[PDB]
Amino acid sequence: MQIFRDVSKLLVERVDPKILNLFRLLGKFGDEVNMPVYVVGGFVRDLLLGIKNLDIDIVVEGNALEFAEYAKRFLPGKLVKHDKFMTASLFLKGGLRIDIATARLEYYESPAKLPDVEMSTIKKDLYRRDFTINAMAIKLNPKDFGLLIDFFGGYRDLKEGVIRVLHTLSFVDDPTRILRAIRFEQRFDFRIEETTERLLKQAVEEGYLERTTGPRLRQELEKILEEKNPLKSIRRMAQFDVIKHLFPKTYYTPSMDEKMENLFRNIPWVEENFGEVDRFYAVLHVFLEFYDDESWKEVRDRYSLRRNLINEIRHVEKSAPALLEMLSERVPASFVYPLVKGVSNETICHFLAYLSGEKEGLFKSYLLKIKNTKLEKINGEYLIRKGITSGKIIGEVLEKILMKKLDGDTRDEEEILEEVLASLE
């Protein structure tokens, strides 16, 4: 299979001129310090796919700290060195960020061994990457500038739309990929080929998913839910039995599946009308239903979660069937008010996950009715001017006139107020 290709034309045509000049300069610097310079990762992939990619990952063969320190004087900005893994991050004044890493054999020799055929060193660095499409590099050195370097066939997999791991232990080294793969499947329209699907299933069933830290898995989950087709992602994780390994007490049934369908269907509506909605907590709302205190404590400790989330969830699971019967009997909005009263948008999404069709339209209508229709006059300071006073009572009265206003009867103010006061006797 063909390894090297010429992307130079694609480079100059597609890439932003600023980033391009940065590439040129970095390559030249590399020639000056006798270090081969590459740009690697998602940038290459997106470059082939015609997608804008801001973050740039540079891989040099040599000391990356020396290369960065060398490129700092010529490039305005702030250098942050981490001497652990020999990596540096150079923040340019333009707002761009350059990530520079070291490619070396962990033995090698000094001075730097000259270029070897097939470029073993950089190959060794690209073998550690997750998927073939992210395993490709591009040489920035002026002589070789615009050289696409693909050992593992990431180009072929890019044309055929294939998600493929590098080796059999890929999911063992970084089980987070189990999620990421799925995300990629939904990021583009791509398919996970047979072997890595087997490797994924094996990885999940062997409990490598639980070994990894919570926050990373939560991060990849959040990234998954912000992609284009969340439903297909959730169902994909369901196929691989990922959901129960992430959340032990969550069992994915056709009922829960339908809930997720309604949920993702109604999320754009809530986001439109009620504003920004966290999709992670929106999904956990359905997932974490009927969790006992122990399990909730564990799942909250693993992936850090709001301590008040379980209260909202339990509120929903408390008022859901009653809500169903309310919408079934065409009950006035005054009775549906206390349930959705002070709740978060995520809670509202959860409620919407329980219904479709006529009940959906009705609940949305009542929702928009509650969102609007707030107040005109009277309330507290004006009730001070009147017979009542001193605390809770007047607030109760407020809720009364609000309820009479939500029942469909609205004319003016003190008329409804007088009705309420007459009913207080």
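For the two forms, the rigid core is made up of the largest set of C-alpha atoms that agree within 1.5 Å on superposition. Numbers for residues come from their place in the sequence shown, where the first is 1.
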Between 92-100 and 196-204, the one whose CA atoms sit farther away in 4 other deposited structures of this protein (rigid core aligned)
92-100
Rigid core fitted first, then name the stretch among 286-294 and 173-181 whose C-alphas deviate most from the displayed form in 4 other deposited structures of this protein.
286-294
Absent coordinates for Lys113 in a third or more of other compared entries
yes
Higher-B stretch (mean Cα B-factor, as the entry records it), 110-118 or 87-95
110-118
Mean B factor on CA atoms, stretches 147-155 and 337-345, record says higher is 337-345
Please pick out which of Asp130, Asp292, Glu276, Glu258 has the largest Cα B-factor as recorded in the entry.
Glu276
For the CA B factor values reported in this entry, which option in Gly387, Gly50, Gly30, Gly41 has the top one?
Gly387
Grab the CA temperature factor for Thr195 from the record and place it in the lowest, middle or highest third of its chain.
lowest
Please say which third, lowest, middle or highest, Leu10 falls into when its CA temperature factor is compared across its chain.
middle
When the modelled residues of the chain are sorted by Cα temperature factor, does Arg216 land in the lowest, middle or highest third?
lowest
Could you place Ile310 in the lowest, middle or highest third of its chain by Cα temperature factor, using the values in the record?
highest
Relative to the other modelled residues of the same chain, rank the CA B-factor of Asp46 and answer lowest, middle or highest third.
middle
